[PDB]
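Next comes just one chain, in structure tokens: the form deposited in one PDB entry.
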């Protein structure tokens, strides 16, 4: 698992469950091309998005569908989505965890890059 996503809900102090995540790779013509997607699990986690063979160096965007999440909980949110854009590298450590903490009018995102 080269690329994992974990989402927390700062209002409820819980994993953010069933949040849609879409990942895009930047194409030579500078458009965003769908790459991977899924929904966070009961633990707020999304694994198995890609494989080591497919996850080549490149610029990637992870789009977290936060608006839909809040709407489903009946809470009025500010953002359309959270949007994490980064270069995936071959000589940084190998596993990328994109973590995201969600509030209605705020979010943070952290990259955890390890062996």
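Residue numbers count along the first chain shown, from 1. In this text, the rigid core denotes the largest set of C-alpha atoms whose superposition between the two forms falls within 1.5 Å.
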The stretch whose C-alpha atoms carry the larger average B-factor in the entry, 66-74 or 26-34, is 26-34
Would you determine, from the values in the PDB entry, which of 17-25 and 100-108 has the greater average C-alpha temperature factor? 17-25
Within this chain, which third does the Cα B-factor at residue 82 fall in: lowest, middle or highest? middle
Where does residue 89 sit by CA temperature factor within its chain: lowest, middle or highest third? highest
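From this point on, the text means the form deposited in another entry, which you will not see here.
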Core-aligned C-alpha movement of residue 80 between this form and the one not shown reaching 2 Å: yes
Examine residue 68 after superposing the rigid core and state whether its CA is displaced by 2 Å or more between this form and the one not shown. yes
Residue 92 C-alpha moves between this form and the one not shown by 2 Å or more, core aligned: yes
Closer or farther: how do the Cα atoms of residue 100 and residue 92 compare in the other form versus the shown form, where the change is at least 3 Å? farther
Assuming the CA distance changes by 3 angstroms or more, are residue 56 and residue 93 closer together or farther apart in the other form compared with the shown structure? closer
